[PDB]
Amino acid sequence: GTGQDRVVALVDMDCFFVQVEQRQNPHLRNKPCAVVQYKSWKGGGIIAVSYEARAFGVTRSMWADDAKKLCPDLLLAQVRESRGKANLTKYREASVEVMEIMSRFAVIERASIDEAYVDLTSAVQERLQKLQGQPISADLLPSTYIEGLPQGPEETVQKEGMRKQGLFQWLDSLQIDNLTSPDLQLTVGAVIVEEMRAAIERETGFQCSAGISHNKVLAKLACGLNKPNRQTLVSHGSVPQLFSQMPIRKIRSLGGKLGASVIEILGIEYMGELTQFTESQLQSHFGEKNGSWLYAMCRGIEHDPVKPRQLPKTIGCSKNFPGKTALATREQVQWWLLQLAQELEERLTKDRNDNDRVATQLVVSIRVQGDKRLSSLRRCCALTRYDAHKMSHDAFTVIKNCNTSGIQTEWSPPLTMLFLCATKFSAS
DNA sequence: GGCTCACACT
DNA sequence: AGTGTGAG
Ligand SMILES: Nc1ccn([C@H]2C[C@H](O)[C@@H](COP(=O)(O)NP(=O)(O)OP(=O)(O)O)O2)c(=O)n1
Ligand SMILES: [Mg+2]
Ligand SMILES: [Mg+2]
């Protein structure tokens with residue numbers, strides 16, 4: 001309960017969608033490159049950006065036309081379009097390539113299309129018994145940064161010189177004859193993550209970064225400290241200095257309104273300033289669960305488990321119809337429900353063959369023009385047959401009384417979003 | 001900005 | 001069963 005019981009890693013692919021396209025098209029490699037969807041509006045919306053393009057200021061959610069003003073040589077790859085919508089199939093398949101490799105090492109929790117947490121606690125005990133008392137060379141950690149090192153009293157004017165000196169200070173001081181030390185466990189964790197990152201790159205051509213620490217939140221934070229193509233070890237001891245200047249919003253789950261209340265109500269900026277408040281005081285402001293979570297977390301302690309889940313629990317297809325393009329006829333709503341239902345059907349049949357399960361509930365969601373909320377409305381029905389016409393007709397049946405227009409041909413208010421989601425999966 | 005996913009709350 | 005937050 002100093003939050004040092006587990007070794008947890010978070011592995012995240014570098015500029016993932018870009019790398020998928022660069023692997024396929026060698027002309028894009030080692031260049032300023034972005035991935036875009038819907039090429040016809042302002043050149044497309046950027047969804048992923050190479051490190052070479054980031055150095056010109058190009059970011060996610062820029063329009064390509066705009067990104068081209070910062071980087072005129074920027075190269076683009078377009079997301080596949082099918083039935084009038086962006087289709088992410090090539091990136092989900094590439095994801096499967098990566099997840100299957102990691103799952104050879106340990107139990108993973110698929111956290112996104114491009115990252116997974118790894119509980120390495122057992123793999124570490126077993127690796128610590130294999131090298132009996134035998135030390136750990138820097139050569140086993142060729143890409144690892146030890147966060148908060150080097151410290152104290154040429155080389156270190158270069159990034160690779162600092163990395164090494166810190167690693168050397170860390171290793172020089174490790175107590176290897178003691179198999180229970182949390183720091184030693186982390187070190188062996190990092191060795192394993194080197195091997196995992198090497199296998200990923202060898203087997204896929206994709207580079208990634210990772211964090212190694214005692215829990216998910218720290219592992220995720222660590223990962224991003226030395227992107228791209230590097231891994232970062234955040235020990236329990238590094239936490240006070242690390243947290244002392246770490247904006248609250250950088251910690252996973254605190255990037256939104258909760259994080260903002262924490263800052264506003266308590267009158268603080270940094271994760272470390274949370275240590276001054278009693279658990280009861282945090283619970284008073286933020287509730288029993290969040291207050292307890294904050295109190296532990298600001299001291300580097302979190303217990304959320306790496307869940308044994310490699311598969312998504314829901315399979316969704318959605319499309320926005322912004323501004324003037326909002327859907328305004330019954331016929332038009334039906335046609336799009338059908339396009340969504342067809343893609344979903346293909347994805348479900350594949351899921352059923354691959355993963356030996358079937359979805360049993362269909363969720364329909366919409367947004368009406370005028371609504372401020374991402375969803376105006378969710379309704380659900382039975383999913384008894386992977387049949388796109390049935391699924392489309394059922395989703396229409398379920399929403400059609402949201403229609404204010406008595407003309408019945410027309411649809412009001414116009415719809416700015418449709419979403420179909422298969423959920424409540426059972427084995428078969 | 002657009003297409004996804006997970007989960008807490010009621 | 002339905003809504004809202006947070007992430008990637
Ligand atoms: N808002 C977002 C964030 C991510 N994505 C997709 C595209 C990203 O390549 C992929 C993984 O997201 P990410 O890990 O947050 N960023 P990415 O892998 O591109 O770069 P780094 O992790 O190297 O920064 O999810 C998206 O489509 N919309
Ligand atoms: Mg990534
Ligand atoms: Mg990611």
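Residue numbering restarts at 1 for every chain, and letters A, B, ... go by the order of the sequence lines. Basis for what follows: all heavy atoms, side chains included, without hydrogens, waters or symmetry-related copies.
Residue A:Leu258 is in sugar-phosphate contact alone, with no base atom involved, counting any heavy-atom pair closer than 4.0 Å across all strands shown. The residue A:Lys85 sits close only to the backbone: its heavy atoms come under 4.0 Å of sugar-phosphate atoms, none of a base. Using a 4.0 Å heavy-atom criterion, one finds that A:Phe16 contacts no nucleic acid atom at all. A:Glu109 comes within 4.0 angstrom of nothing in the nucleic acid, heavy atoms only. At the heavy-atom level, A:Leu377 lies under 4.0 Å from the strands shown only through sugar-phosphate atoms. Nucleic acid contact for A:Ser61: base, since at least one base atom lies under 4.0 Å from a heavy atom of the residue. Within 4.0 Å of A:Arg249, counting heavy atoms only, lies no atom of the nucleic acid at all. A:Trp41 comes within 4.0 angstrom of no nucleic acid atom, judged by non-hydrogen atoms across all strands. No engagement by A:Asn87 is indicated, since no non-hydrogen atom pair under 4.0 Å with the nucleic acid exists. At the heavy-atom level, A:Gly45 lies under 4.0 Å from base atoms of the strands shown.
Judged by the 6.0 Å distance and 45° axis criteria, A:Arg299 is positioned over the aromatic ring of A:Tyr295.
Between the side chain of A:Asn215 and the main chain of A:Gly300, a donor-acceptor pair closer than 3.5 Å is present. Here the side chain of A:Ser412 pairs no donor or acceptor atom with the backbone of A:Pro414 at under 3.5 angstrom. Panel note: side chain A:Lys85, backbone A:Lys319; no donor-acceptor pair is recorded below 3.5 Å.
Between A:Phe419 atom CZ and C:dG2 atom P there is a gap of 14 Å when expressed in whole angstrom units. At whole-Å resolution of the value, NZ in A:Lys257 and P in C:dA7 are 13 Å apart. The separation between A:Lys289 atom NZ and C:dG6 atom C1' is 12 Å, rounded to whole Å. Look at NZ on A:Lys424: it is 16 Å from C1' on B:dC5, rounded to the nearest Å. Distance A:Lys372 NZ to C:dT5 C1': 13 Å, rounded to the nearest Å. Here C:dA7 presents its P atom at 13 Å from CG of A:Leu221, a figure rounded to the nearest Å. Rounded to whole Å, atom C1' of B:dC7 lies 13 Å from atom CG of A:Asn290. Put simply, CZ on A:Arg110 is 12 Å from P on B:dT4, counting in whole angstrom units.
The side chain of A:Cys380 has C:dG2 as its nearest neighbour among B:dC5, B:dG2, C:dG2. Which of C:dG8, C:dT3, B:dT4 sits closest to the side chain of A:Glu115 comes down to C:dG8. Here C:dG8 is the nucleotide among C:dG2, B:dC3, C:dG8 with the atom lying nearest to any side-chain atom of A:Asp114.
With a 6.0 Å radius and a threshold of 12 heavy atoms from other residues, nucleotides or ligands, A:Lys68 has its NZ atom above the threshold. Other residues, nucleotides and ligands contribute only 12 or fewer heavy atoms inside 6.0 Å of the CG atom of A:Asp73.
When A:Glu109, A:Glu302, A:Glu115 are each tested for a salt bridge (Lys or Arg N to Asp or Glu O under 4.0 Å) with A:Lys216, only one passes: A:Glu109. Tested against A:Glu97, the residues A:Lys90, A:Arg92, A:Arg23 include a single salt bridge (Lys or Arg N to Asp or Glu O under 4.0 Å) partner, A:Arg23.
Listed pair A:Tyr91 / C:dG8 fails the phosphate criterion, with no side-chain N or O lying under 4.0 Å from OP1 or OP2. Within the 4.0 Å cut-off from OP1 or OP2 of C:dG4, at least one side-chain nitrogen or oxygen of A:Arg373 is found. Here A:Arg347 reaches the OP1 or OP2 of B:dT4: one of its side-chain N or O atoms lies under 4.0 Å away.
The same atom, P, is picked in C:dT5 and in B:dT4; the two are 22 Å apart, to the nearest Å. Using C1' as the reference atom, C:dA7 and B:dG2 are 15 Å apart when rounded to the nearest Å. The gap from the P atom of C:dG6 to that of B:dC3 amounts to 22 Å, rounded to the nearest Å.
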Revision key, fill the gap. A correct dot-bracket answer for DNA chain B, with pairs being Watson-Crick or G-U at under 3.5 Å, [ ] for crossing pairs and | for inter-strand pairs, is ..|.||||||

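Scanning all heavy atoms of the two residues, the minimum distance from A:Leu186 to A:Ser235 falls at CD1-CA, 3.5 Å.
A salt bridge links A:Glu346 to A:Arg83: one of the charged nitrogens lies within less than 4.0 Å of a carboxylate oxygen.
Of the residues in residues 291-323 of chain A, A:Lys307, A:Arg309, A:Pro312, A:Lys313, A:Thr314, A:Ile315, A:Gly316, A:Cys317, A:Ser318, A:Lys319, A:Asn320, A:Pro322 come within less than 4.0 Å of DNA chain B through at least one heavy atom, sorted by number.
A:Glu194 and A:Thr144 form a side-chain donor-acceptor contact under 3.5 Å, judged by distance and modelled atom types alone.
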